[PDB]
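Taking it in order: structure first as structure tokens, then the write-up.
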Amino acid sequence: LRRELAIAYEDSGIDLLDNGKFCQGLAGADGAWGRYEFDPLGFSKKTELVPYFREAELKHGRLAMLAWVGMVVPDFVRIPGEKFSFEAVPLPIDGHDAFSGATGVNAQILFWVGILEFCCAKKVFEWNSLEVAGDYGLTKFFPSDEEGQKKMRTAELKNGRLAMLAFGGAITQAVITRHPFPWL
Amino acid sequence: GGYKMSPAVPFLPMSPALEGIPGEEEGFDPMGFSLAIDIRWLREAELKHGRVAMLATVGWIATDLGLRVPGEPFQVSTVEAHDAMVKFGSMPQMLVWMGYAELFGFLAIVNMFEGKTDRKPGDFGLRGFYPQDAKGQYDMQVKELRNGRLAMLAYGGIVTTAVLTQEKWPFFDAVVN
Amino acid sequence: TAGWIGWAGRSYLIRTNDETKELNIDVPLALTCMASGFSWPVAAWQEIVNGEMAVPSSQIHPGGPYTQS
Amino acid sequence: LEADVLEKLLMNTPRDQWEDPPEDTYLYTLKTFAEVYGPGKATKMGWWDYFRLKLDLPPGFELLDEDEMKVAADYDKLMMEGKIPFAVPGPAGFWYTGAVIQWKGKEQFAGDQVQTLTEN
Amino acid sequence: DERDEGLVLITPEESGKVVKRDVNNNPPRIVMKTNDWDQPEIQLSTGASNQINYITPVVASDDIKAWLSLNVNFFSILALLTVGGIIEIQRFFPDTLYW
Amino acid sequence: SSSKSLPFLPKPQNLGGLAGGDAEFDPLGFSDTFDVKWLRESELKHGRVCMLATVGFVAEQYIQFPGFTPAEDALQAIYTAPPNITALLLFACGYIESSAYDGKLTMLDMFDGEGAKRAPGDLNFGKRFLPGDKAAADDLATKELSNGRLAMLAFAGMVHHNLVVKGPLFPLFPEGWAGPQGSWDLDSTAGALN
Ligand SMILES: CC(=O)O[C@H]1CC(C)(C)C(=C=C/C(C)=C/C=C/C(C)=C/C=C/C=C(C)/C=C/C=C(C)/C=C/[C@@]23O[C@]2(C)C[C@@H](O)CC3(C)C)[C@](C)(O)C1
Ligand code: KC2
Ligand SMILES: CC1=C(C#C/C(C)=C/C=C/C(C)=C/C=C/C=C(C)/C=C/C=C(C)/C=C/[C@@]23O[C@]2(C)C[C@@H](O)CC3(C)C)C(C)(C)C[C@H](O)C1
Ligand SMILES: CC1=C(C#C/C(C)=C/C=C/C(C)=C/C=C/C=C(C)/C=C/C=C(C)/C=C/[C@@]23O[C@]2(C)C[C@@H](O)CC3(C)C)C(C)(C)C[C@H](O)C1
């Protein structure tokens, strides 16, 4: 089960002994029909960093899940503004260059993201453990069962990885084709 | 029950330094500055900033609305008032007075840290409109802190927006695109 | 002014009489002597007259021995 | 500490120092921290404490290899035996000619008799 | 020492044997003597901890006053004030026109 | 124990027992560093010289001795006055200073051995009028100290007002006065930079 972060932080820090499980028993290594322990390069053999690896994986998955939808939506709809109009910016891939620099539109996003990351670094480093890796307490809609929680974590990880690859595919295809959503 | 979590950031444990101090209801310190610096110094600086920023906000609002003291040298806008009065000579004298008051504040801080006097971080002995009951005193200290924080943010916004848009204090009739 | 400086200094040295005080100045006493050095002419003449300025040469090292002992 | 790096560190360190290594050595750091951490002891460490421990413990590539230790030992043995692996100074350095000469002459304590190709 | 009051400070021999939490709910900390005058003791954490570790130095007004009482600071301040006075006299009354 | 005048600072402990210390006010610890007897003697001396100085500063602008060319700006009266008479004033001041303290004039000599039992500011001048009752005597001492301190501040203000106005004291704002901005004109670091 998942315990409140206050209780979970009681046993937190860089563990030195190793639970003898694949990746310390973390969720996300499960095939469709059986068990799929994917680690060809043996990165999980650094058991002390395994919690950091899971935190980074979940951060990347969530960020790419947002990024893919943010590459899809703008072409269909835009913010009601003159500088966000299709005439000022034809495709999402143009947004970075359009809003970089003195305009500050992307500078504000960078600033707020940096503030959020500065505030979350304490959990990322100090209070990171096998059970609280990627857990910020936003557990609304989280099932109240062990199997349900495990399945939800697996679904998050799988969708995050799918979007992690899909964002690379979509951004590369969009840069290559200069085309609307279908090629991204 | 485990650690005591910060109400501001529920996924972080409250810093023990900011317990029992006014403003602990929020318990906001995700970056852990209270774990590295003395909370007495932190609160003294916070209160100094809040008070100075409240005065600065009210002064900027007043000058932007108008209300200039009688005299020709003061017929300048708030943005250039700093340089105009530095040339005039008001600002050097004001800074001398600030140095005097801050010498006394520095003596207060030093004595507080050395324990010679049981002085609270921002306390200077002023008791005006101060409730007698302890709960009232706590509430008034929290009110001071929150008004000061709001004034810090408000002055930052006011000065930045004024310098950017070249408009008066409300900035409502400003063009942004 | 120069007599003021010299008097002050000599007075600090006489009052302290310690290498530790010479190294770590007793700033209160030093300031007191600096302030007091204003009457140095009268004070110095009085000490010279009364014998509190110079000590007999037999009380201080004369130098190297020039003869057999 | 990794098993391979531990083996390399033990090999590099003199055997007599394993019992109680000097204060300023990687083996001393390892002893001090293994006496406090491990099975039957503190099984967790703060992130910063672990970071500093990994900073101040040695990596594998920092310690000498078997071949390097053998080469150094052979060099020292040659010099102590009185033989010199011949070298000639070059530009801001010296080249090794691959030759071992007899540096000490017939009279071992005589500085006049040290052998050189130029005179001997 | 007031800083570490309420902290469970276990010696290296008791590491792992004592698991009682601190007043702040932190795990016990291992204390070691280093034989360094600058840092006589060093503490390691047994786990994630939420504790105050001041990075600011402990400076006393008495210590600062002693440092300034050191003959160097006394005489340097005296000489700086004297030089400033002479420079300001030169500024205010240039060329010694009075003489 | 917080000081009455500065309730956020520790109370000074070495200045007790002197009149005028009701609001114990020694934030910089001068009474701690030096002898309060000498400090109080100096304070009294400054007060007396300064109150006489304020009265003379006011009077000289209007009335002068027969001859004795006037100087509306009383700051220039020192230059305008007869040098021999000014030297006579200095001579009388020196005679009084030496005689009152018998020769123990310095920070160390005065209040040392004999003469330590003497009160800080007491020069045995006009003591016939001192009220017998200690309450009235202390009230009179406090009144003297208050008038002296006010006189010190007033003389400083008089001198600096004369400096800024570059003119006589009594007209506070001369004709066409616009402000003291242009008085401190010598180049400064920040001023020259900006
Ligand atoms: C036998 C024997 O021994 O004789 C006896 C005789 C007797 C009489 C009994 C004795 C006495 C006592 C005496 C002589 C006492 C004299 C007391 C005086 C002269 C007090 C002056 C105060 C001036 C003040 C406060 C000025 C304040 C000035 C201020 C506030 C000025 C303020 C402004 O100038 C400023 C600063 C700028 C201007 O532009 C504006 C204004 C407002 C004018 C003795 C000691 O027992 C000796
Ligand atoms: C070692 C050889 C090997 C190769 C060369 C290889 C190549 C590719 C390629 C490119 C050519 C793609 C595009 C691809 C894609 C997926 N592989 Mg796959 N794969 C290999 C091995 C396994 C194993 C052991 C498992 C597995 C799985 C999945 C899932 C299912 C995700 C899910 O729904 O959980 C997806 C999408 C797991 C599973 O359950 O598949 C039904 C699973 O256990 N794969 N795989
Ligand atoms: C547009 C633009 C910008 C940009 C950009 C950005 C954000 C770019 C992002 C790029 C990104 C995010 C690129 C991902 C690539 C992923 C790859 C290559 C994955 C390969 C994967 C391979 C080869 C194989 C995977 C697997 O074998 C594994 C390991 C195990 C198997 O079981 C399953 C399979 C076979 C699948 C700027 C700089 C911001 C502004 C500028 O103006 C222009
Ligand atoms: C930034 C911005 C905006 C804004 C804004 C905001 C939120 C602004 C907020 C401003 C704010 C919050 C300003 C508080 C001032 C408080 C003061 C001066 C208190 C003085 C209090 C004093 C002088 C008290 C003194 C005493 O307590 C002492 C010391 C001791 C006792 O004797 C008792 C007394 C009473 C005597 C707009 C307008 C919304 C839009 C625009 O586009 C951009």
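Chain labels run A, B, ... following the order of the structure tokens; each chain numbers its residues from 1, and ligands are numbered from 1 in the order shown.
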- Task: Name all residues at most 12 Å from residue 9 in chain C (count only C-alpha atoms; drop same-chain ones fewer than 2 positions away) and give them as a list in words.
- Result: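 Counting only the stated atoms, we get residues 2, 3, 4, 5, 6, 7, 11, 12, 13, 14, 15, 16, 17, 22, 25, 29, 30, 31, 32, 33, 34, 35, 36, 37 and 40 of chain C.
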Could you pull the residues within 7 Å of residue 10 in chain E, counting only C-alpha atoms, minus those fewer than 5 positions along the same chain, as a PDB file with N, CA and C atoms, in the first residue's frame?
ATOM      1  N   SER E  15      26.199   2.277  16.185  1.00  0.00           N
ATOM      2  CA  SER E  15      25.531   2.485  14.907  1.00  0.00           C
ATOM      3  C   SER E  15      24.651   1.291  14.567  1.00  0.00           C
ATOM      4  N   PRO E  28      18.924   8.705  14.559  1.00  0.00           N
ATOM      5  CA  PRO E  28      20.141   9.040  15.305  1.00  0.00           C
ATOM      6  C   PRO E  28      21.303   9.358  14.378  1.00  0.00           C
ATOM      7  N   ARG E  29      22.228  10.172  14.882  1.00  0.00           N
ATOM      8  CA  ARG E  29      23.396  10.603  14.127  1.00  0.00           C
ATOM      9  C   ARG E  29      24.662  10.048  14.764  1.00  0.00           C
ATOM     10  N   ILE E  30      25.549   9.521  13.926  1.00  0.00           N
ATOM     11  CA  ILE E  30      26.814   8.968  14.397  1.00  0.00           C
ATOM     12  C   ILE E  30      27.807  10.104  14.591  1.00  0.00           C
ATOM     13  N   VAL E  31      28.413  10.167  15.774  1.00  0.00           N
ATOM     14  CA  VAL E  31      29.403  11.186  16.110  1.00  0.00           C
ATOM     15  C   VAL E  31      30.781  10.541  16.076  1.00  0.00           C
TER      16      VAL E  31
END
- Task: For ligand 4, list the contacting residues at 7 Å or closer, counting only C-alpha atoms and all ligand atoms, as an MDAnalysis selection string.
- Result: chainID B and resid 54:55 57:58 126:129 147:148 150:151 154:155 157:158 169:172
Residues from last step as file, C-alpha atoms, as a short mmCIF file (atom, residue, chain, number, x, y, z; two decimals), in the first residue's frame:
data_model
loop_
_atom_site.label_atom_id
_atom_site.label_comp_id
_atom_site.auth_asym_id
_atom_site.auth_seq_id
_atom_site.Cartn_x
_atom_site.Cartn_y
_atom_site.Cartn_z
CA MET B 54 4.98 48.98 2.83
CA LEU B 55 6.31 52.51 3.19
CA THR B 57 4.56 51.09 -1.84
CA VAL B 58 2.46 53.80 -0.21
CA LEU B 126 6.55 50.05 20.17
CA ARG B 127 3.10 49.24 21.60
CA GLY B 128 0.40 51.08 19.69
CA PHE B 129 -3.03 49.54 19.06
CA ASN B 147 0.74 42.91 5.00
CA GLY B 148 4.51 43.28 4.72
CA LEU B 150 1.98 41.62 0.22
CA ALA B 151 3.73 45.00 0.19
CA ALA B 154 3.22 44.85 -4.61
CA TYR B 155 6.26 47.13 -4.68
CA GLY B 157 5.21 44.70 -9.33
CA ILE B 158 4.68 48.46 -9.11
CA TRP B 169 0.48 53.51 -10.49
CA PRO B 170 -2.77 51.74 -11.50
CA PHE B 171 -1.30 50.80 -14.92
CA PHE B 172 -4.86 49.90 -15.93
#
- Message: Could you list, as a ChimeraX atom specification, all protein and nucleic acid residues with an atom at most 7 Å from ligand 1, counting only C-alpha atoms and all ligand atoms?
- Response: /F:51-52,54-55,125-129,147-148,150-151,153-158,161,169-170,172
Selected residues written out, C-alpha atoms, as a tab-separated table (two decimals), in the first residue's frame:
chain	number	residue	atom	x	y	z
F	51	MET	CA	24.57	77.94	26.38
F	52	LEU	CA	26.87	80.92	26.88
F	54	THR	CA	24.17	80.59	22.04
F	55	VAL	CA	23.47	83.71	24.08
F	125	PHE	CA	31.17	78.18	41.65
F	126	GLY	CA	27.87	79.71	42.71
F	127	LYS	CA	27.12	76.90	45.16
F	128	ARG	CA	25.63	79.34	47.68
F	129	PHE	CA	22.35	79.16	45.73
F	147	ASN	CA	19.41	73.38	29.29
F	148	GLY	CA	23.02	72.52	28.48
F	150	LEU	CA	19.49	71.90	24.39
F	151	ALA	CA	22.12	74.63	24.15
F	153	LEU	CA	22.07	71.26	19.89
F	154	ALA	CA	20.94	74.88	19.46
F	155	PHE	CA	24.49	76.14	18.93
F	156	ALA	CA	25.15	73.44	16.35
F	157	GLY	CA	21.93	74.44	14.60
F	158	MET	CA	22.86	78.13	14.75
F	161	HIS	CA	22.07	77.63	9.67
F	169	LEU	CA	21.05	84.12	12.02
F	170	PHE	CA	17.86	86.01	12.77
F	172	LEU	CA	15.67	82.31	9.10
Could you give me, as a Markdown table, every chain A residue with an atom at most 12 Å from chain E, plus its closest atom pair and distance in Å to one decimal, counting only C-alpha atoms, rows ordered by chain then number?
| residue | atom | partner | partner_atom | distance |
| --- | --- | --- | --- | --- |
| A:6 | CA | E:25 | CA | 10.4 |
| A:7 | CA | E:25 | CA | 10.6 |
| A:8 | CA | E:48 | CA | 10.8 |
| A:9 | CA | E:48 | CA | 7.4 |
| A:10 | CA | E:48 | CA | 7.7 |
| A:11 | CA | E:47 | CA | 7.0 |
| A:12 | CA | E:48 | CA | 5.0 |
| A:13 | CA | E:48 | CA | 4.6 |
| A:14 | CA | E:47 | CA | 7.3 |
| A:15 | CA | E:47 | CA | 8.2 |
| A:16 | CA | E:47 | CA | 10.5 |
| A:122 | CA | E:50 | CA | 10.5 |
| A:123 | CA | E:48 | CA | 10.4 |
| A:124 | CA | E:48 | CA | 11.9 |
| A:125 | CA | E:48 | CA | 9.6 |
| A:126 | CA | E:48 | CA | 6.1 |
| A:127 | CA | E:48 | CA | 6.3 |
| A:128 | CA | E:48 | CA | 8.6 |
| A:129 | CA | E:48 | CA | 9.4 |
Selection file, N, CA and C atoms, as a tab-separated table (two decimals), in the first residue's frame:
chain	number	residue	atom	x	y	z
A	6	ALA	N	4.39	11.67	5.29
A	6	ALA	CA	4.97	11.88	6.62
A	6	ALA	C	5.49	10.58	7.20
A	7	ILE	N	4.71	9.50	7.09
A	7	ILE	CA	5.14	8.21	7.61
A	7	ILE	C	6.23	7.62	6.73
A	8	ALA	N	6.09	7.75	5.41
A	8	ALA	CA	7.05	7.14	4.50
A	8	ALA	C	8.44	7.76	4.66
A	9	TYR	N	8.50	9.06	4.95
A	9	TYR	CA	9.78	9.73	5.12
A	9	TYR	C	10.53	9.26	6.35
A	10	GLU	N	9.88	8.50	7.24
A	10	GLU	CA	10.58	7.98	8.40
A	10	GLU	C	11.77	7.12	7.99
A	11	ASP	N	11.58	6.27	6.98
A	11	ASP	CA	12.66	5.46	6.42
A	11	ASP	C	12.95	5.98	5.02
A	12	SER	N	13.80	7.00	4.95
A	12	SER	CA	14.18	7.63	3.69
A	12	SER	C	15.67	7.89	3.70
A	13	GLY	N	16.23	8.03	2.51
A	13	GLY	CA	17.65	8.24	2.33
A	13	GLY	C	18.26	7.19	1.42
A	14	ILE	N	19.56	7.36	1.18
A	14	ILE	CA	20.28	6.46	0.29
A	14	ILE	C	20.49	5.14	1.01
A	15	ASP	N	19.71	4.13	0.64
A	15	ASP	CA	19.92	2.80	1.19
A	15	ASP	C	21.24	2.22	0.71
A	16	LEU	N	21.82	1.35	1.53
A	16	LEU	CA	23.10	0.72	1.22
A	16	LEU	C	22.98	-0.76	0.93
A	122	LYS	N	14.24	19.62	-2.75
A	122	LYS	CA	14.41	19.02	-1.43
A	122	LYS	C	13.85	17.61	-1.39
A	123	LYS	N	12.65	17.40	-1.93
A	123	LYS	CA	12.15	16.03	-2.03
A	123	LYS	C	13.00	15.21	-2.98
A	124	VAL	N	13.38	15.79	-4.12
A	124	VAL	CA	14.08	15.00	-5.13
A	124	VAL	C	15.34	14.39	-4.54
A	125	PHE	N	16.07	15.15	-3.73
A	125	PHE	CA	17.34	14.69	-3.19
A	125	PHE	C	17.20	14.06	-1.80
A	126	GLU	N	16.71	14.84	-0.83
A	126	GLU	CA	16.70	14.38	0.55
A	126	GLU	C	15.69	13.26	0.77
A	127	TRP	N	14.42	13.52	0.45
A	127	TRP	CA	13.32	12.64	0.82
A	127	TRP	C	12.96	11.64	-0.26
A	128	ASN	N	13.93	11.22	-1.07
A	128	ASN	CA	13.69	10.25	-2.13
A	128	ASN	C	13.96	8.85	-1.61
A	129	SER	N	13.05	7.93	-1.91
A	129	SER	CA	13.19	6.53	-1.51
A	129	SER	C	12.40	5.67	-2.49
- Apply DSSP to the structure's backbone, then extract all residues of chain E labelled helix (DSSP H, G or I) and return them as an NGL selection string. :E and (12-14 or 61-69 or 71-92 or 94-96)
Write a file of the selected residues as an mmCIF file, in the first residue's frame, keeping C-alpha atoms.
data_model
loop_
_atom_site.group_PDB
_atom_site.id
_atom_site.type_symbol
_atom_site.label_atom_id
_atom_site.label_comp_id
_atom_site.auth_asym_id
_atom_site.auth_seq_id
_atom_site.Cartn_x
_atom_site.Cartn_y
_atom_site.Cartn_z
ATOM 1 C CA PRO E 12 30.207 4.632 16.021
ATOM 2 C CA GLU E 13 30.027 1.489 18.165
ATOM 3 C CA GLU E 14 26.248 1.853 18.600
ATOM 4 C CA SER E 61 31.051 41.376 19.378
ATOM 5 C CA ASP E 62 33.679 40.708 22.046
ATOM 6 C CA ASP E 63 35.742 38.750 19.514
ATOM 7 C CA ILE E 64 35.390 41.524 16.928
ATOM 8 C CA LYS E 65 36.394 44.135 19.509
ATOM 9 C CA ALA E 66 39.450 42.076 20.465
ATOM 10 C CA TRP E 67 40.408 41.717 16.800
ATOM 11 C CA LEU E 68 40.138 45.482 16.329
ATOM 12 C CA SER E 69 42.099 45.996 19.558
ATOM 13 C CA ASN E 71 47.672 46.606 17.449
ATOM 14 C CA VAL E 72 47.481 46.310 13.663
ATOM 15 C CA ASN E 73 43.865 47.401 13.364
ATOM 16 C CA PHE E 74 44.312 50.109 15.999
ATOM 17 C CA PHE E 75 47.314 51.672 14.274
ATOM 18 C CA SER E 76 45.951 51.178 10.750
ATOM 19 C CA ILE E 77 42.742 52.968 11.743
ATOM 20 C CA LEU E 78 44.786 55.712 13.408
ATOM 21 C CA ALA E 79 46.947 56.154 10.302
ATOM 22 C CA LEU E 80 43.960 56.056 7.944
ATOM 23 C CA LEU E 81 42.188 58.739 9.970
ATOM 24 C CA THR E 82 45.364 60.840 10.045
ATOM 25 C CA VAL E 83 45.893 60.514 6.284
ATOM 26 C CA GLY E 84 42.261 61.377 5.618
ATOM 27 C CA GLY E 85 42.566 64.412 7.861
ATOM 28 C CA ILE E 86 45.666 65.646 6.048
ATOM 29 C CA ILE E 87 44.041 65.061 2.650
ATOM 30 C CA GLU E 88 40.896 66.929 3.702
ATOM 31 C CA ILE E 89 42.995 69.798 5.068
ATOM 32 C CA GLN E 90 44.746 69.998 1.698
ATOM 33 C CA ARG E 91 41.347 70.029 -0.009
ATOM 34 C CA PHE E 92 39.792 72.714 2.183
ATOM 35 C CA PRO E 94 44.962 74.477 -0.675
ATOM 36 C CA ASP E 95 48.385 76.028 -1.300
ATOM 37 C CA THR E 96 48.708 77.369 2.284
#
- Shell of 9 Å around residue 116 in chain D, only C-alpha atoms, local chain residues under 5 positions omitted, as a PyMOL selection string: chain D and resi 101-103
What residues of the protein or nucleic acid chains come within 9 Å of ligand 3 when you use only C-alpha atoms and all ligand atoms? Reply as a PDB file with N, CA, C and O atoms, in the first residue's frame.
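File produced: selection.pdb:
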ATOM      1  N   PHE A  38      13.324  -5.093 -18.174  1.00  0.00           N
ATOM      2  CA  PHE A  38      14.144  -4.478 -19.213  1.00  0.00           C
ATOM      3  C   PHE A  38      15.237  -3.636 -18.565  1.00  0.00           C
ATOM      4  O   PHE A  38      14.959  -2.583 -17.983  1.00  0.00           O
ATOM      5  N   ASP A  39      16.476  -4.100 -18.669  1.00  0.00           N
ATOM      6  CA  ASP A  39      17.637  -3.334 -18.242  1.00  0.00           C
ATOM      7  C   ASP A  39      18.885  -3.909 -18.900  1.00  0.00           C
ATOM      8  O   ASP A  39      19.777  -4.414 -18.207  1.00  0.00           O
ATOM      9  N   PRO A  40      18.987  -3.856 -20.232  1.00  0.00           N
ATOM     10  CA  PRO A  40      20.135  -4.496 -20.896  1.00  0.00           C
ATOM     11  C   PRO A  40      21.483  -3.987 -20.417  1.00  0.00           C
ATOM     12  O   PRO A  40      22.422  -4.780 -20.282  1.00  0.00           O
ATOM     13  N   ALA A  64       6.903  14.858 -20.992  1.00  0.00           N
ATOM     14  CA  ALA A  64       6.660  14.530 -22.391  1.00  0.00           C
ATOM     15  C   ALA A  64       5.182  14.306 -22.668  1.00  0.00           C
ATOM     16  O   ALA A  64       4.713  14.595 -23.773  1.00  0.00           O
ATOM     17  N   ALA A  67       4.075  17.659 -23.183  1.00  0.00           N
ATOM     18  CA  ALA A  67       4.657  18.245 -24.386  1.00  0.00           C
ATOM     19  C   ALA A  67       3.976  17.740 -25.652  1.00  0.00           C
ATOM     20  O   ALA A  67       3.767  18.506 -26.597  1.00  0.00           O
ATOM     21  N   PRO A  92       3.343  24.657 -34.004  1.00  0.00           N
ATOM     22  CA  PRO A  92       3.899  24.668 -32.640  1.00  0.00           C
ATOM     23  C   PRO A  92       5.416  24.684 -32.606  1.00  0.00           C
ATOM     24  O   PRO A  92       6.004  25.327 -31.728  1.00  0.00           O
ATOM     25  N   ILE A  93       6.071  23.987 -33.539  1.00  0.00           N
ATOM     26  CA  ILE A  93       7.528  23.940 -33.546  1.00  0.00           C
ATOM     27  C   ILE A  93       8.128  25.332 -33.646  1.00  0.00           C
ATOM     28  O   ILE A  93       9.275  25.544 -33.241  1.00  0.00           O
ATOM     29  N   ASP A  94       7.377  26.296 -34.178  1.00  0.00           N
ATOM     30  CA  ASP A  94       7.849  27.669 -34.270  1.00  0.00           C
ATOM     31  C   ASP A  94       7.748  28.424 -32.952  1.00  0.00           C
ATOM     32  O   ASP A  94       8.337  29.504 -32.839  1.00  0.00           O
ATOM     33  N   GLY A  95       7.023  27.885 -31.969  1.00  0.00           N
ATOM     34  CA  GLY A  95       6.763  28.635 -30.751  1.00  0.00           C
ATOM     35  C   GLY A  95       8.026  28.996 -29.996  1.00  0.00           C
ATOM     36  O   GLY A  95       8.144  30.100 -29.462  1.00  0.00           O
ATOM     37  N   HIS A  96       8.982  28.069 -29.928  1.00  0.00           N
ATOM     38  CA  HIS A  96      10.209  28.335 -29.186  1.00  0.00           C
ATOM     39  C   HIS A  96      10.903  29.583 -29.714  1.00  0.00           C
ATOM     40  O   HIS A  96      11.215  30.507 -28.952  1.00  0.00           O
ATOM     41  N   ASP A  97      11.130  29.641 -31.027  1.00  0.00           N
ATOM     42  CA  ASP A  97      11.812  30.793 -31.603  1.00  0.00           C
ATOM     43  C   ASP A  97      10.931  32.035 -31.564  1.00  0.00           C
ATOM     44  O   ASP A  97      11.430  33.150 -31.374  1.00  0.00           O
ATOM     45  N   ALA A  98       9.618  31.866 -31.737  1.00  0.00           N
ATOM     46  CA  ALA A  98       8.727  33.020 -31.754  1.00  0.00           C
ATOM     47  C   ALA A  98       8.695  33.712 -30.400  1.00  0.00           C
ATOM     48  O   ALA A  98       8.644  34.946 -30.328  1.00  0.00           O
ATOM     49  N   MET A 164       6.969   9.605 -24.067  1.00  0.00           N
ATOM     50  CA  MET A 164       8.378   9.967 -24.116  1.00  0.00           C
ATOM     51  C   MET A 164       8.954   9.689 -25.494  1.00  0.00           C
ATOM     52  O   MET A 164       9.708  10.501 -26.041  1.00  0.00           O
ATOM     53  N   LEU A 165       8.608   8.537 -26.068  1.00  0.00           N
ATOM     54  CA  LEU A 165       9.030   8.236 -27.434  1.00  0.00           C
ATOM     55  C   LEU A 165       8.221   9.026 -28.458  1.00  0.00           C
ATOM     56  O   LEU A 165       8.765   9.479 -29.474  1.00  0.00           O
ATOM     57  N   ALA A 166       6.921   9.200 -28.205  1.00  0.00           N
ATOM     58  CA  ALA A 166       6.050   9.859 -29.165  1.00  0.00           C
ATOM     59  C   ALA A 166       6.398  11.327 -29.325  1.00  0.00           C
ATOM     60  O   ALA A 166       6.227  11.875 -30.413  1.00  0.00           O
ATOM     61  N   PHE A 167       6.879  11.986 -28.273  1.00  0.00           N
ATOM     62  CA  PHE A 167       7.272  13.380 -28.423  1.00  0.00           C
ATOM     63  C   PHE A 167       8.501  13.509 -29.307  1.00  0.00           C
ATOM     64  O   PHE A 167       8.565  14.403 -30.154  1.00  0.00           O
ATOM     65  N   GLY A 168       9.495  12.643 -29.118  1.00  0.00           N
ATOM     66  CA  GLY A 168      10.634  12.656 -30.019  1.00  0.00           C
ATOM     67  C   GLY A 168      10.217  12.402 -31.451  1.00  0.00           C
ATOM     68  O   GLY A 168      10.610  13.129 -32.372  1.00  0.00           O
ATOM     69  N   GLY A 169       9.382  11.385 -31.656  1.00  0.00           N
ATOM     70  CA  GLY A 169       8.905  11.102 -32.998  1.00  0.00           C
ATOM     71  C   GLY A 169       8.161  12.277 -33.599  1.00  0.00           C
ATOM     72  O   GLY A 169       8.406  12.665 -34.743  1.00  0.00           O
ATOM     73  N   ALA A 170       7.256  12.874 -32.824  1.00  0.00           N
ATOM     74  CA  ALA A 170       6.423  13.956 -33.331  1.00  0.00           C
ATOM     75  C   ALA A 170       7.238  15.208 -33.609  1.00  0.00           C
ATOM     76  O   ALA A 170       7.040  15.859 -34.636  1.00  0.00           O
ATOM     77  N   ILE A 171       8.152  15.568 -32.709  1.00  0.00           N
ATOM     78  CA  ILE A 171       8.959  16.764 -32.922  1.00  0.00           C
ATOM     79  C   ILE A 171       9.857  16.583 -34.138  1.00  0.00           C
ATOM     80  O   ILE A 171       9.988  17.492 -34.968  1.00  0.00           O
ATOM     81  N   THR A 172      10.471  15.404 -34.282  1.00  0.00           N
ATOM     82  CA  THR A 172      11.330  15.176 -35.438  1.00  0.00           C
ATOM     83  C   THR A 172      10.523  15.186 -36.732  1.00  0.00           C
ATOM     84  O   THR A 172      10.930  15.805 -37.723  1.00  0.00           O
ATOM     85  N   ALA A 174       7.656  16.688 -37.270  1.00  0.00           N
ATOM     86  CA  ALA A 174       7.192  18.047 -37.511  1.00  0.00           C
ATOM     87  C   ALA A 174       8.304  18.919 -38.072  1.00  0.00           C
ATOM     88  O   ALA A 174       8.068  19.727 -38.971  1.00  0.00           O
ATOM     89  N   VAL A 175       9.522  18.782 -37.549  1.00  0.00           N
ATOM     90  CA  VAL A 175      10.618  19.572 -38.095  1.00  0.00           C
ATOM     91  C   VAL A 175      10.927  19.138 -39.520  1.00  0.00           C
ATOM     92  O   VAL A 175      11.268  19.970 -40.369  1.00  0.00           O
TER      93      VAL A 175
END
- Residues at most 7 Å from ligand 2, using only C-alpha atoms and all ligand atoms? Could they come as a list in words? residues 30, 31, 32, 33, 34, 35 and 36 of chain A
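The gap separating CA of residue 14 in chain B from CA of residue 42 in chain E is 25.0 Å, in Å to one decimal.
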Determine which residues of chain E receive a DSSP assignment of strand (DSSP E or B), computed from the backbone, and state them as an mmCIF file with C-alpha atoms, in the first residue's frame.
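part_22.cif, freshly written:
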data_model
loop_
_atom_site.group_PDB
_atom_site.id
_atom_site.type_symbol
_atom_site.label_atom_id
_atom_site.label_comp_id
_atom_site.auth_asym_id
_atom_site.auth_seq_id
_atom_site.Cartn_x
_atom_site.Cartn_y
_atom_site.Cartn_z
ATOM 1 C CA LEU E 9 24.130 11.294 19.073
ATOM 2 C CA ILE E 10 25.284 7.677 18.962
ATOM 3 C CA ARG E 29 23.396 10.603 14.127
ATOM 4 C CA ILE E 30 26.814 8.968 14.397
ATOM 5 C CA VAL E 31 29.403 11.186 16.110
ATOM 6 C CA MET E 32 33.107 10.718 15.364
ATOM 7 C CA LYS E 33 36.194 12.402 16.770
ATOM 8 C CA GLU E 41 33.805 16.184 15.704
ATOM 9 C CA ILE E 42 31.868 15.203 12.591
ATOM 10 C CA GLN E 43 28.339 13.792 12.443
ATOM 11 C CA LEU E 44 26.944 11.371 9.867
ATOM 12 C CA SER E 45 23.263 10.687 9.269
ATOM 13 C CA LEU E 70 44.925 44.043 17.933
#
